[PDB]
Amino acid sequence: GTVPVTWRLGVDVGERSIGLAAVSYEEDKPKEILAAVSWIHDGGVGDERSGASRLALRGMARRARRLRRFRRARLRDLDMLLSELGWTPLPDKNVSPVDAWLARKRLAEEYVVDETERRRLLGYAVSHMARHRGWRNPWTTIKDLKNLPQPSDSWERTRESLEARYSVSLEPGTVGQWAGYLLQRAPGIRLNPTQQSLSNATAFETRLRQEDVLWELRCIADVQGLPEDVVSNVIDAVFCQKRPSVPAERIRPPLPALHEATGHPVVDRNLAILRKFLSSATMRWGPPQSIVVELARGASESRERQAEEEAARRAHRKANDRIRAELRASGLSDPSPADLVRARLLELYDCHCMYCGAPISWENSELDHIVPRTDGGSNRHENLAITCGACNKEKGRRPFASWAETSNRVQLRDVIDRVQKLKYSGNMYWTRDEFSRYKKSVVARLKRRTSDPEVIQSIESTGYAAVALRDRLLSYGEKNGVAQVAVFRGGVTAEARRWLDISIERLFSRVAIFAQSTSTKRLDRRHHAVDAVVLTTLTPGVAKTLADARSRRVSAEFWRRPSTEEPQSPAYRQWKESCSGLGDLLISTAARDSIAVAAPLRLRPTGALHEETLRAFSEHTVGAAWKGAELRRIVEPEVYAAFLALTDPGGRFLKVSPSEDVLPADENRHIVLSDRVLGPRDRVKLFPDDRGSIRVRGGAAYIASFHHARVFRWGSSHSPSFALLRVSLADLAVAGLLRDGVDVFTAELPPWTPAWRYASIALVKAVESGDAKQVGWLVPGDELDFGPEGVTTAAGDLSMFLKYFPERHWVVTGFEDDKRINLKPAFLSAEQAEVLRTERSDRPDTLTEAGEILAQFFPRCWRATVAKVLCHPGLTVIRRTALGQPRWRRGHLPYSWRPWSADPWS
RNA sequence: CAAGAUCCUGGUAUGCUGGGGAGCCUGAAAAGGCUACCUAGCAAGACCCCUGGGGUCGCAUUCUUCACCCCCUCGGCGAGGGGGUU
DNA sequence: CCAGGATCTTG
DNA sequence: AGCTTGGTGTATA
DNA sequence: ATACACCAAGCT
Ligand SMILES: [Mg+2]
Ligand SMILES: [Mg+2]
Ligand SMILES: [Mg+2]
Ligand SMILES: [Mg+2]
Ligand SMILES: [Mg+2]
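The first sequence lines up with residues 7 to 203, 210 to 263, 474 to 784, 791 to 1134 when you count with PDB author numbering.
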């Protein structure tokens, strides 16, 4: 089932996306777009709030579990040591709250002459010290902990502050003595400060160190006169700690293969999608003869570096619009970026030629650079300097600050001191960190007395993801006969599109969202696939030519500001002649909707089973009146089934409204369990809230996010009714379905699971009547194709959105209640509408009506009724292959299905 | 040539729930609250090895399970991975 | 939150 | 009654 | 710090 063709693979790697293209080639010209797909991934991020990956959250949870296990073992070993020593540990209950602290205080203060009292207090103090021992460096052993200075300087400062605050001296000032005195004198005080957030003054302000607890134990030891072997064993049992080793990590040579993971989340996401696309494309067209990849400036930078980027652009664009409005009030017709550079240099140097004195006006500017552009310089803000005209024609191609000291009319050795002693202002182009970096880089470029080479321009992407992708693609190329694999950076495909008259907005018929300036190509998510298609045309020579054109354009962007020279190469001419039909192929592919935007499905039932907060159980009387919500909150499944048989003897599911009085107060109400009998005065355990919850560890926890929704269809074949059974991981956990050999989308859920407990009442009644059967399953990230008919059940904000954005494909994002599915548009970007909200907030009247609707619509998107979505005839739930084609044949992979015509399972 | 980027390992301090209670505030028929502090647990659980106890795994690898193909590790025989075209 | 490993990949 | 929309809790450092 | 699930008044 394979025919070999000549084709090239284009890979457009992004932070949350990757664009893949298989383009057929005939005579070094594009012939047919075999495949073009944009795949959207999360970057491996599991916690969206903190940016931590799924692997990082799993590792932190695993290490917390290991910490609890070894803490249990260590406390048990201390308990055996205390039993051997005859010292009674602190009891679990029926003791005073301050017994441990007064035991520590009394043992560090006075010698106890009673034998049993001393052993009891010693056991109390030692057990409580092992429960609260403070922090130490984990790579330092017990002996080196014993050799630390005792007490630490942090506890010495804390003890001095406590002595000054409370006007009392405790001798010796140990942590147990001070905490016992504070709990006896100012009750309700809190010892350690609370992270993550009324005038309760905290007793301690620094982190407790292990040497402080060790010194307190030494003071207790030498006050009570304990034997040294006993003290050594107590220290070895309390402060024992496993060393930080490397058990889990494994931490010409062969290149890593496609199936080998690199361990970095976003790179694994991109590589998994790329290896699936490459395997499908090789099985259907044979191997490619060329593979071209680029990587964006993201996907490697940290969240801190992202915060540096947004902290740069907000201050820079505020300063540019401020002096642009000042230049518009100054009479200049066209405000321009180099005019903003010279206005910044007058905002900073206060109109001062350094080399000539002579404060100037706007006419005698004549902007010049410190380093000449032929001699390694560029149009950087550090290199640019304010001039006076007379301080412009005197440099004369010579090195800066080298001929100047060996000449008249100007002096050196005060330039560095004068720049470095200047004051950082409040609001300007640079921030507080960027102004220090600007001053240090200016001084470093002022320190030149010789050549500072050179005018380097040869860009191939060499980051971690870049080298990993090059090694794996070169391994595939050696295994499959690919002629060349080229990985670029930037920044080059935008050039290749703008010199080929390819605009995403014209290509996909996108309405204008910005009132002025150029519309962004990043609004439509298919632009990644278009850039992959364009990337198939690139060769390293023409990529270097386009980079040269971009660099000469941004060099002359400020030169002609106070342009644009076209590329001049036979390779560029041959490439532009060869890519004449690429545009016609792009409109031909876009008009027939062949380009798809898809996301991978998370089908494995792994992750957080429930929420992490334990909650208190409620109690309800058996003989009292039961409402529908109180019957829904019944914790024990046998009692739940017995009350279900009470409210309906033939029924299997609970058919209750949440607010309805289901069954009244009956005084001889008796509930017959299989092994117990519940009297009318007995108390039934209830979940605290009327939502999905499970029993974990003697408490109640809410269910986590839904793993999937099982789609049920009932009614007539021409007017069917639809509902969703939202199944979280807690339903699978309490149903015993998290074992081997279980299809989690079709395995039967018991009625007491929160899925059937909190299903819609129409669905529950139809399943009781036998009319409703499961016709499919929906996961977050499934694509709903509404067909050429589109959405016909729009109302209000969705109507106003679909007037400008007739979106046919929608992505399932969640199931926010029992009758609703949350749908976002597949082709429309997320970061574009988010930062578009930010532009409307800061800048008024800058967005067209469509842009305003997009901004006010994208946060919640289409919180859609299921009955108004699945009632569309011709709606298809599209499960793409790796090439972006909908899987329609029934196999052992998820296939596309139509909710109106899906046959029920089994 | 530093810093990071990804984890990994060992720890700490809170927080939540259950069991308690030092002080305060109510209710006094008795048991409710607040601030702290003490103590146990902190995914559900699975698999060992010996009515419990102890040891290791259990939130990653985005198409679960099933079925086919490929790669790797150990001794047909299980685990790790990978791919599956519409 | 803390220290510190191992490894890449930039140069 | 039923769909729309606004607002908020969520283990964390 | 997110975005998904839940809760609770508005329009119709
Ligand atoms: Mg404890
Ligand atoms: Mg401790
Ligand atoms: Mg792109
Ligand atoms: Mg405690
Ligand atoms: Mg446990």
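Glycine residues also receive a C-beta, built at the ideal position from the N, C-alpha and C atoms.
I want to check one thing, is the minimum distance from the CB of residue i to the heavy atoms of ligand 6 below 6 Å?
i, result
"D753", "Of the ligands this structure carries, namely ligand 1, ligand 2, ligand 3, ligand 4 and ligand 5, none is ligand 6."
Please go through the same chain and pick out, in chain order, the residues whose beta-carbon is closer than 7 Å to the beta-carbon of residue i, but skip the five residues on each side of it.
i, result
"residue 396", "Placed between 263 and 474 in the numbering, residue 396 has no coordinates, as the chain goes from one to the other without interruption by modelled residues."
"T672", "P621"
"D53", "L63"
"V1094", "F950, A951, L952, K1047, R1048, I1049"
"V104", "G186, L189, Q190"
Since residue i and residue j should fall inside the 8 Å C-beta cutoff, what is the C-beta to C-beta distance between them, to a whole number of angstroms?
i, j, result
"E866", "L914", "That pair is no contact at about 14 Å."
"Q156", "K111", "So it is not a contact: roughly 18 Å between Cβ atoms."
"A1110", "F499", "5 Å"
"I513", "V707", "5 Å"
"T759", "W803", "7 Å"
"residue 3", "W1128", "As shown, the chain starts at 7 and ends at 1134. That puts residue 3 outside it, with no answer to give."
"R985", "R860", "6 Å"
"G49", "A751", "Incorrect: roughly 19 Å between the Cβ atoms, too far for contact."
"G1009", "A824", "Contact flag wrong, Cβ pair sits at about 13 Å."
"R670", "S624", "7 Å"
On a Cα-Cα basis, can you pick out the residue from the options that is closest to residue i?
i, options, result
"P892", "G920, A929, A853", "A853"
"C1089", "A1061, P1114, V225", "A1061"
"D894", "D903, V900, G907, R519", "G907"
"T981", "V900, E676, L965, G969", "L965"
"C610", "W652, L567, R635, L128", "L567"
"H1120", "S988, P979, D971", "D971"
"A844", "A170, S816, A541, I922", "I922"
"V992", "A975, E1011, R941, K1031", "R941"
"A705", "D543, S658, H138, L696", "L696"
"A114", "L127, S211, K1001, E121", "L127"
"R1071", "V563, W161, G65, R544", "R544"
"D248", "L87, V593, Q511", "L87"
Quick check on the burial criterion: 16 or more other C-beta atoms within 10 angstroms. Buried or exposed for residue i?
i, result
"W13", "buried"
"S887", "exposed"
"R474", "exposed"
"residue 330", "This structure gives no coordinates for residue 330. The numbering of the chain moves from 263 immediately to 474."
"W145", "exposed"
"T740", "exposed"
"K766", "buried"
"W227", "buried"
"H486", "buried"
"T180", "buried"
"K1052", "buried"
"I678", "exposed"
"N143", "exposed"
Identify, in the order they occur along the chain, each residue of the same chain with its Cβ nearer than 8 Å to the Cβ of residue i, setting aside the five sequence neighbours on each side.
i, result
"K254", "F76"
"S1057", "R744, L745, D746, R747"
"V9", "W507, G508"
"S167", "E217"
Identify, in the order they occur along the chain, each residue of the same chain with its Cβ nearer than 6 Å to the Cβ of residue i, setting aside the five sequence neighbours on each side.
i, result
"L96", "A106, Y130, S133, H134"
"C613", "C575, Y577, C578"
"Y698", "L480"
"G1004", "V939, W1125, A1130"
"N702", "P509"
"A483", "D490"
"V225", "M135, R139, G140"
"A537", "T653"
"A771", "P795"
Practice prompt. Any chance you could list the alpha helix (DSSP H) runs of at least 4 consecutive residues sitting entirely within the region 1049-1085, in chain order?
Written response: Those alpha helix (DSSP H) runs which fall completely within the region 1049-1085 and span 4+ residues are 1059-1070, 1077-1085.
Discussion item. Threshold first: 4 residues or longer. Then list the alpha helix (DSSP H) segments lying entirely within the region 115-174, N to C.
Written reply: Restricting attention to alpha helix (DSSP H) runs no shorter than 4 residues, the region 115-174 encloses them at 121-137, 148-152, 159-172, ordered along the chain.
Worksheet item: Curious, which full-length beta strand (DSSP E) runs of at least 3 residues does the region 895-965 contain?
Response: 911-914, 921-924, 927-930, 934-943, 948-956
Discussion item. Going residue by residue through the region 524-557, where are the continuous alpha helix (DSSP H) segments of at least 4 residues, counting only ones entirely within it?
Written reply: 525-551
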